[PDB]
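Here you get one chain, nothing else, as structure tokens; it is the form deposited in one PDB entry.
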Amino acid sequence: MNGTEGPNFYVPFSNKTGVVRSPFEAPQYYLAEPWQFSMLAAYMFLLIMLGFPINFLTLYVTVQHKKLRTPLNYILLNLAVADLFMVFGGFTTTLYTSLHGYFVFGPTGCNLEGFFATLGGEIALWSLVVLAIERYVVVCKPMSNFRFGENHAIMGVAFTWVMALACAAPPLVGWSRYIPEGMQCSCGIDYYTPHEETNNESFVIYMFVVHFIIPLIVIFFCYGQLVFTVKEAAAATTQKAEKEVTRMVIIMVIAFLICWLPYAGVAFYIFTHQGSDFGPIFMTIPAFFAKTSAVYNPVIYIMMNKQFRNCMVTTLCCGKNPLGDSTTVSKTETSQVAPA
């Protein structure tokens, strides 16, 4: 056997030498060198070191500025939270797992590590659909009289959590399971083994379709529609606001792909080539790189959203003067209203 199937795992190493041992009981320093694990640990450390402040700042800004309530703002507050969950929930176990060379915290660590990462990634994807739509509406303006409100915005957010849980929760209660991957320092869905007793084959197919293919079709298609009204370029007069948001949304989507296709692909590969000969590094990279998903979103947001940015610059300066080049939102100052 090219691998080493446990009743709990599958080390992509061969135990014709007895050196293979549970990623739940002892260091996997036989799969790779003790420094590569240190690198992982370093990286993860940096990720936590960054995913925390960025996602938190975003949180504090969004709420502290009472007018920042557009769907987009909602979605992003959402992502900021899901990102924070990743950070403490799983990133902590993954940093640790790396530090020790295996899941010292047992299958729970594997679960915290795998779950929150999937919970985080899916919320990201599903939010992307909520946006795709919100966008399609505000640009192709379907209803004669319409403009999303916080009431709908909260709907979409609640929805992304349901859809996300719909994907990430099952492996915790019987459908498929979270299992260490690569150098056994992160945990993902079981593609490696058939394990009739947990129905991996079915869930994986389920996830790839319901929680990957479909949303993508939806998002891509909705894009194919808005490739007419808000065609592509950038720089009423309100036209220039929505068209700039879209551009961001679009980027966000590309950003998502770069962060997940390499992984999703490696995952799909394995699923359809279980027992074949792949090593530990084969998954560690797309899997850990993928972990940037807990942080890139806010960056796009602060870089491509002139309103939020200046709002952050505002909070950061505890007062004003946000070095920009247009409406507002804040607290004591003029976060007053202007409806109709």
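Residue numbers here begin at 1 and follow the sequence given. Whichever C-alpha set is largest while still superposing within 1.5 Å between the two forms counts as the rigid core.
Count class of deposited residues lacking coordinates, residue 325 to residue 326: In the record, 1 to 3 residues between residue 325 and residue 326 lack coordinates.
Length class of the unmodelled deposited segment, which would lie between residue 143 and residue 144: Nothing is missing between them.
82-90 versus 244-252 - which carries the larger mean C-alpha B factor in the record: Per the PDB record, 244-252.
Stretch with the greater mean C-alpha B-factor as recorded in the entry, comparing 55-63 against 289-297: The entry gives the higher C-alpha B-factor average to 55-63.
Identity of residue with top Cα B-factor, from 193, 176, 238, 108: Largest recorded C-alpha B-factor: 238.
Highest recorded Cα temperature factor - choice among 227, 214, 168, 162: The C-alpha B-factor peaks, among 227, 214, 168, 162, at 227.
Where the record places residue 113 (Cα B-factor, split into thirds across the chain): It falls in the bottom third of the chain.
Relative C-alpha B-factor of residue 97, binned into the chain's lowest, middle or highest third: Its C-alpha B-factor, which the entry lists for residue 97, ranks in the lowest third among residues of this chain.
Third of chain Cα B-factors occupied by residue 120: Lowest third, going by the recorded CA B-factors of the chain.
Third of the chain's Cα B-factor distribution that residue 282 belongs to, per the entry: Bottom third by C-alpha B-factor.
Residue 158 - Cα temperature factor, lowest/middle/highest third of chain: For residue 158, the deposited C-alpha B-factor lands in the middle third.
This next part talks about the form deposited in another entry, which is not shown.
Which one of 248, 153, 163, 81, by Cα shift of 2 Å or more between the shown form and the other one, core superposed: The listed residue whose C-alpha shifts by at least 2 Å is 248.
Did residue 59 shift 2 Å or more between the shown form and the other one, C-alpha, core superposed: It does not, since the residue 59 C-alpha is displaced less than 2 Å between the shown form and the other one after the core fit.
Post core alignment: residue 41 C-alpha displaced by 2 Å or more between the shown form and the other one: Residue 41: C-alpha displaced by less than 2 Å between the shown form and the other one.
Is_shifted residue 191 between the shown form and the other one (CA, 2 Å cut-off, rigid core): Moves: yes, 2 Å or greater.
Closer or farther in that other deposited form: C-alpha pair residue 302, residue 160 (3 angstroms or more): Relative to this form, closer in that other deposited form.
Direction of C-alpha distance change in that other deposited form, residue 273 to residue 10 (at least 3 Å): Farther: residue 10 and residue 273 separate by 3 Å or more in that other deposited form.
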